[PDB]
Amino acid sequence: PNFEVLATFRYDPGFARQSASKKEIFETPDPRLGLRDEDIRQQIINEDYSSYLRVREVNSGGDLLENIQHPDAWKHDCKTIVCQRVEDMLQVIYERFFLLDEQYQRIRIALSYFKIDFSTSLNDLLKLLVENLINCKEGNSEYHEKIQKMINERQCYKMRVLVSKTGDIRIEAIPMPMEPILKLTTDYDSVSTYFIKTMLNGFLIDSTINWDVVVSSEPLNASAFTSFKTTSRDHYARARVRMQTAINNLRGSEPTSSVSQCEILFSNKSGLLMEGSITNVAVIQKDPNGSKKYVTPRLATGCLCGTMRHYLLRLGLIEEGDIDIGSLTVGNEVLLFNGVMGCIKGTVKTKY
């Protein structure tokens, strides 16, 4: 096939916001929330992309989970002085792209693996993303003014970066809606709180989002097209058609009807749980004394090395483990995650 390597990630103005009190200040989430990881920043400076694959040995995360579960208590936003200069503005926009550094490392690994020539730096990619958002090229007389205008806007986008076999980059920005209450009241809480409610919702005690999950009877073959993210997705598309059948059976609607707020989980040929069609997964386990642990499949299963998965691992919020697909039963709680919507709850509702 003539596939493209694919990266999709949130652009969210609420992640780097002009201070309401002082106009020279932009506010970003508390450093504990790990959006600006120094190690990863240095890895990129050093052209070290393969470190993205390395398992960060152990974590003193836990306690972070307790704190996240009190999302309104976060008052310590990071504050940065931002002038009306292009560099400062590009940096604000960069900080609104969710896990762009991690997306960058993964795309470089995939491109190297598929032997696709590539020489676009992270800073050059950022400029391309900006040109897409403002519909204007660097060097145009209106570039500066259009950057200022776009920055003031509050529209979220799902960004899609596609790299062809010849290394050509195409970018799309797909507008995405916000939950109405968050949209109305975003200005009243910290950026940290906004971030937690938007992207770590799955961890919250009183979350309302809860996708219905199908456990598939059909294994997938692990391949380069599962371990990496690309447009060659016939295997996931088949799973999603089967998800549709199962969810419609469950909900009592015609098998051909559209379905939403649902996901399908599948195993590899050895029967180990891999991932969902559009998310990585963590299953909820317990140990005495009944404390929850969130356990996510290892990359050895063939699942995608998701950026949201990587983020949650380095924060210590999930941990790797081996889960037999046969262990999931109706009623089981899971977490589902990707770099667009972050982490949400799901519940196993049917098997098919």
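For every residue, the number given is its place in the sequence shown, counted from 1.
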| item | value |
| --- | --- |
| Mean C-alpha temperature factor, higher of 62 to 70 and 308 to 316 | 62 to 70 |
| Comparing 161 to 169 with 195 to 203, the one whose average Cα B-factor in the PDB entry is higher | 161 to 169 |
| Candidate set 325, 283, 300, 55 [ranked by C-alpha B-factor, highest] | 55 |
| Selection from 334, 16, 343, 25 [criterion: highest C-alpha temperature factor in the record] | 25 |
| Chain third (lowest, middle, highest) by recorded CA B-factor, residue given as residue 271 | middle |
| Chain-wide C-alpha B factor ranking for residue 296, given as lowest, middle or highest third | lowest |
| B-factor third for the C-alpha atom of residue 100 within its chain | lowest |
| Residue 208, C-alpha B-factor rank within chain (lowest, middle or highest third) | highest |
| Entry-reported Cα temperature factor of residue 128, expressed as the chain third it lands in | middle |
